[PDB]
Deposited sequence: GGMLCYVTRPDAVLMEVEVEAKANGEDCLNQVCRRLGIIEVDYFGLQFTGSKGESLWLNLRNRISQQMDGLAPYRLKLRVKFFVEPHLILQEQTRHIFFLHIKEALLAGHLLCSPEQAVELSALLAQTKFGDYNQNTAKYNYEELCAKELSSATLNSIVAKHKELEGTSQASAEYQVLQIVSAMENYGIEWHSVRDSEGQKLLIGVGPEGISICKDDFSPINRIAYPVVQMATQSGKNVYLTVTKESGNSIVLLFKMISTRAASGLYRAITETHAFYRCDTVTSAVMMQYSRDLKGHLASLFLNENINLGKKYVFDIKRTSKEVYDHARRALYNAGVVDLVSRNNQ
């Protein structure tokens, strides 16, 4: 009955969003964006946590009430779904929200960086929160982004770099954070917790370039691009990716997920990310998938001749007459 949604913004602020009882996910997010002054809505999504504690994206085309059936009070987290190059974001509020999202990922160690990267980033984050250097108010955060803190030895370089930023406006400092983070290898990569057969706890990253495979954010086993991935399917708690090897050999990768919703989430993450970054239009992405289905249906039609089409006759009426002529002459 004209249901209430508790939307958490990336600056930790809770919004009370009243939507129509049978409203879609797009209706929530649109009202959230209208109230935040966001025009570039298509970069955003609403994250929620399912029955099995798994983080899922709200489907903008379906009803909220169906998608979040059991789980009430309806709690949604406003998040950037599609990361693009910071300069390509035309509105300043949208840029600030990308920064809010990126700062949170950094301060939670969800994007680990080299000591050299962590020095400039720690100084830029200081300039953003407090402004130009002041001994009274100048707290830093080097430990969260990096592996270990080098104490005074590195703090002297971070206090040195924050001093070089004297004059850098809040917006500019934020833009540089976005610029540095957008250059990173794992920028715009969405990590999903899976199972390789029964053996290992693998982590799948869906990003603009393609699917990334690694065991708990370690050395990437395969940084597979999208043209290499032939097909993908979802069955229950499983995800069946059809990826082809350099020799033409189609090696079907298997992943086991915590739930059916989580398995759907990854399948949708592959289809959606590919279409967003690799297709001209949604129509084009719909076509590409359709074409791949017909193409594949015909590839199975020619994998299995005169056995089924057996005839008892050795000759036709014409052949009989000609064989009788030839037989007598020769």
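If you line the structure up with the deposited chain, the stretches without a C-alpha atom are 305-308, 335-346.
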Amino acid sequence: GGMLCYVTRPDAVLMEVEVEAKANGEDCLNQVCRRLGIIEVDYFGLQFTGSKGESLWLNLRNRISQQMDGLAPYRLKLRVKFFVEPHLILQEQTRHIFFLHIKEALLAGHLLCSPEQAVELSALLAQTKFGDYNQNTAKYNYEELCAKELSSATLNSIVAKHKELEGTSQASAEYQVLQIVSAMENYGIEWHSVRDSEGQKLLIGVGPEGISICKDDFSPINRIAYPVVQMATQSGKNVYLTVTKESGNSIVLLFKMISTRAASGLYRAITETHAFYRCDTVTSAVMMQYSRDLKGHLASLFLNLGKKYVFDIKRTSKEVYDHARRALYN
From here on, numbers count along this sequence of modelled residues.
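The mean Cα B-factor in the deposited entry runs higher for 239-247 than for the other of 239-247 and 92-100.
According to the PDB record, 217-225 carries the higher mean C-alpha B-factor of the two stretches 217-225 and 126-134. Listed residues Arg79, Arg75, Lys139, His87 were ranked by CA B-factor as deposited; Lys139 comes out on top.
For the set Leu253, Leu107, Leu71, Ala173, the maximum C-alpha B-factor listed in the entry falls on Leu253.
Among all modelled residues in this chain, the alpha-carbon of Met231 has a temperature factor (C-alpha) in the highest third. Among the modelled residues of the chain, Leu29 sits in the lowest third by CA temperature factor in this PDB entry. Among all modelled residues in its chain, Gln179 ranks in the lowest third by Cα B-factor. Sort the chain's modelled residues by C-alpha temperature factor and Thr154 lands in the highest third, per the entry.
Among the modelled residues of its chain, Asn186 has a C-alpha B-factor that falls in the middle third, as given in the PDB entry.
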